[PDB]
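Asker: Just dropping this structure here.
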Amino acid sequence: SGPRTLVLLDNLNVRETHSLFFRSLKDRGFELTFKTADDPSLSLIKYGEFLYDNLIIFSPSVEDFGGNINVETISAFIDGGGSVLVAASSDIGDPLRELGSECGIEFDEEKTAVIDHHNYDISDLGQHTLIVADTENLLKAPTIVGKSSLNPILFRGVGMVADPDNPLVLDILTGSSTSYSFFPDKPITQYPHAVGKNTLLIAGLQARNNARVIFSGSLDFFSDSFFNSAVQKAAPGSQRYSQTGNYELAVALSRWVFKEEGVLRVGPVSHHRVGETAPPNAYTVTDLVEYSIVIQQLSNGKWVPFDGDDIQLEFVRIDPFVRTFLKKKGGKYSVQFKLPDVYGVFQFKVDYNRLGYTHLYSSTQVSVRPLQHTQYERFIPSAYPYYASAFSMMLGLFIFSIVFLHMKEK
Amino acid sequence: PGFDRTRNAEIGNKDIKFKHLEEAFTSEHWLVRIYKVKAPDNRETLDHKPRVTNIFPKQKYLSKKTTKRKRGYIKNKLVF
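Protein chains in written order, with the deposited numbering: chain G, 43 to 452; chain A, 736 to 815.
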């Protein structure tokens, strides 16, 4: 994705109090433009162009975006290939909830907070609204949340939940074991939304077009006060930490969403018979076939060859006939095998799907035709009698002729 | 309005919409119709409207937008 980014601010002074995040983001090499969520000159597409390649929403408490930024427009932007980041404090506003419902993640009510009574930091308003999330309940995928070890993080936001049997959604950071999300003023009457360890704090989506979306559910998670604070749970005996470990997590999240950390690409594929160099038309049945693919990973700013322990090749007709592990040689994953007895149209599906990496999918169609009438085995030993028999009688016939026409009666 | 010249009977379902198909071609006398099977869903969506309780009034906001006045609204915005 291109380096141009749009930031939707809330009061235009937020940039000052979020300076650290934006200075880091610019230092990586992005072009940041700051606008106010209600701005008449605001638009994403102009004659079908997508003039902004990345989108950042740091404006909770919005009801209508300025200009033609609908929720269907942002949905078409995510369907086009863009990557959004949205952060929402305890004043949600309707279109952020609706964008979440479009992606598949359901925010909580507009006045709710992730209330936790065992893990609140000392720097609280007496409501226990500030929640100290440990580094244990994280996603545990080094492509997203970085390689290093992190100190307990700080959070002040609205708790969302995601479908358990949802294939696309991710959960970067769940709540604690006792945290519940409900109105801090009103007593609990209904069943509270996302009451346990299914309270989500940071939740991401990796769409079918490989569009990275992160719902953060708390603006202050990215703030300047929480990058430079000091964290300690108010439960007695708990240790005090010098740095909140929020900065490294925020940087790793930002790198993942904007297509910098985990990216995979499929180069040229090539299949041919063992011993030749050009792909034939219509392989025959039970013929040695060699498949070679090249996969590249975006490391820093350049494409390097990929490590790839477990990568599988499927040879499918309607359902897979042969599945094998590709093996690395040179710079390509290549495997040689035999074609099954069934004739038809078979295709190779190489689908690499991992937690954090992009979705790789390359399928090439090939037709496996049965044997020609000349390629059948001939002169088999087991049938030396029959051959003999036939020729014998031919000889017999000839002899008979010479004795039937020139026979001398007696 | 809706009438089938073969099955001389007015169609019961006047409005039908597709979810996984789209119309690709339709001949002049509508004799042959070719539909296109779309790609799978880009992303999954919630089956229900997000959670709304009755503890605080919803107070849904009104559009307030023309083709001339394209300006949104923010609750927590400092006024001048």
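C-beta: ideal position from N, C-alpha, C; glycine also.
Which partner residues does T761 (chain A) have in the DSSP bridge list?
Answerer: Numbered from 1 along the second sequence, position 26 holds the residue referred to as residue 761 (chain A). For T761 (chain A), which the question treats as bridged, DSSP gives the partners A:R768.
Asker: Check whether the segment 193-207 of chain G and the segment 301-309 of chain G touch, using three or more Cβ-Cβ pairs below 8 angstroms as the test.
Answerer: The segment 193-207 of chain G, when compared against the segment 301-309 of chain G, does not touch it at the 8 angstroms Cβ threshold.
Asker: Have a look at G:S424, G:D361 and G:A183 and flag the residue whose alpha-carbon is nearest the alpha-carbon of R396 (chain G).
Answerer: Start at 1 with the first residue of the first sequence, and residue 396 (chain G) comes out as number 354. When only C-alpha atoms are compared, the closest one is G:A183.
Asker: Three-state secondary structure (DSSP) at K805 (chain A)?
Answerer: Against the second sequence, residue 805 (chain A) aligns to sequence position 70. Coil.
Asker: In whole angstroms, give me the CA-to-CA distance for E763 (chain A) and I99 (chain G).
Answerer: If you number the second sequence from 1, residue 763 (chain A) lands on position 28. If you number the first sequence from 1, residue 99 (chain G) lands on position 57. The alpha-carbon atoms of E763 (chain A) and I99 (chain G) are separated by roughly 49 angstroms.
Asker: Taking the CB atoms as reference points, tell me whether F379 (chain G) and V358 (chain G) lie closer together than 9 angstroms.
Answerer: Locating residue 379 (chain G) in the first sequence gives position 337, counting from the first residue. Locating residue 358 (chain G) in the first sequence gives position 316, counting from the first residue. In this structure, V358 (chain G) does not lie closer than 9 angstroms to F379 (chain G) by Cβ.
Asker: From the beta carbon of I809 (chain A), is the nearest beta carbon of chain G less than 9 angstroms away?
Answerer: Position 74 of the second sequence, counting from 1, holds the residue named residue 809 (chain A). At least one chain G Cβ lies under 9 angstroms of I809 (chain A).
Asker: Run through the DSSP bridge pairs and tell me what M202 (chain G) is partnered with.
Answerer: Taking the first residue of the first sequence as 1, we reach residue 202 (chain G) at position 160. Paired residues: G:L242.
Asker: For the segment 778-792 of chain A, which residues have a beta carbon sitting closer than 7 angstroms to at least one beta carbon of chain G?
Answerer: Under the 7 angstroms Cβ criterion, the segment 778-792 of chain A contributes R778, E779, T780, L781, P785, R786, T788, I790 and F791.
Asker: One question on the structure: do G259 (chain G) and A129 (chain G) come within less than 9 angstroms of each other, judged by their Cβ atoms?
Answerer: What you label residue 259 (chain G) is simply residue 217 of the first sequence in a count that begins at 1. What you label residue 129 (chain G) is simply residue 87 of the first sequence in a count that begins at 1. Yes.
Asker: In angstroms with no decimal places, state the Cα-to-Cα distance between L54 (chain G) and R254 (chain G).
Answerer: For the purposes of this step, residue 54 (chain G) is taken as the residue at position 12 of the first sequence. For the purposes of this step, residue 254 (chain G) is taken as the residue at position 212 of the first sequence. If I take the Cα positions, the gap works out to 26 angstroms.
Asker: What residues from chain G crowd round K805 (chain A), counting only those whose CB sits closer than 8 angstroms?
Answerer: Within the second sequence, numbered from 1, the residue matching residue 805 (chain A) stands at position 70. Chain G residues near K805 (chain A): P82, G108, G109 and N110.
Asker: Using C-beta distances below 7 angstroms, list every residue in its chain close to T185 (chain G), excluding the 5 sequence neighbours before and after it, in chain order.
Answerer: One-based indexing of the first sequence puts residue 185 (chain G) at position 143. Closer than 7 angstroms at the Cβ level, and outside the excluded window around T185 (chain G), lie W298, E303, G304, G398 and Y399.
Asker: Run down chain G in chain order and give the residues with a C-beta less than 8 angstroms from the C-beta of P775 (chain A).
Answerer: Taking the first residue of the second sequence as position 1, residue 775 (chain A) is located at position 40. By Cβ distance, chain G contributes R250.
Asker: Cutting at 6 angstroms between CB atoms, please list the residues of its own chain near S312 (chain G), excluding the five before and the five after it.
Answerer: One-based indexing of the first sequence puts residue 312 (chain G) at position 270. These residues qualify, in order along the chain: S334.
Asker: Please list, in chain order, all residues of the same chain as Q232 (chain G) whose beta carbon is under 8 angstroms from its beta carbon, the five residues on each side excluded.
Answerer: As a working mapping, residue 232 (chain G) is identified with position 190 in the first sequence. For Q232 (chain G), where only same-chain residues beyond five positions count, there are no Cβ hits under 8 angstroms.
Asker: Can you pull the chain G neighbours of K754 (chain A), defined as C-beta to C-beta under 9 angstroms?
Answerer: Here residue 754 (chain A) refers to the residue found at position 19 when the second sequence is read from its first residue. The contacting residues do not exist; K754 (chain A) stays about 16 angstroms from chain G at best.
Asker: Which bits of chain A does residue 458 (chain G) rub up against, with CB to CB less than 8 angstroms?
Answerer: Residue 458 (chain G) lies beyond the stretch modelled for chain G, which goes from 43 to 452, so this question has no answer here.
Asker: Report the residues of the segment 231-245 of chain G with a CB closer than 8 angstroms to any CB of chain A, ordered along the chain.
Answerer: Within the segment 231-245 of chain G, the residues whose Cβ lies closer than 8 angstroms to some Cβ of chain A are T231, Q232 and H235, listed in chain order.
Asker: Starting from the beta carbon of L247 (chain G), find every residue of chain A whose beta carbon is closer than 8 angstroms, and list them in chain order.
Answerer: If you number the first sequence from 1, residue 247 (chain G) lands on position 205. Within 8 angstroms Cβ-Cβ: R778.
Asker: Measure the Cβ-Cβ separation of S221 (chain G) and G199 (chain G) and say whether it is below 9 angstroms.
Answerer: Walking along the first sequence from the start, residue 221 (chain G) turns up at place 179. Walking along the first sequence from the start, residue 199 (chain G) turns up at place 157. No.
Asker: Beta-carbon of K812 (chain A) versus every beta-carbon of chain G: anything under 9 angstroms?
Answerer: The count along the second sequence starts at 1 and reaches residue 812 (chain A) at position 77. Yes, because at least one Cβ of chain G sits closer than 9 angstroms to the Cβ of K812 (chain A).
Asker: Note the first and the last residue of the continuous beta strand (DSSP E) segment covering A292 (chain G).
Answerer: One-based indexing of the first sequence puts residue 292 (chain G) at position 250. Note, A292 (chain G): premise wrong, no beta strand (DSSP E); alpha helix (DSSP H) at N288 to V299.
Asker: Would you decide whether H783 (chain A) is buried or exposed? Buried here means 16 or more other CB atoms lie within 10 Å of its CB.
Answerer: Here residue 783 (chain A) corresponds to residue number 48 of the second sequence, with the count starting at 1. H783 (chain A) should be labelled exposed.
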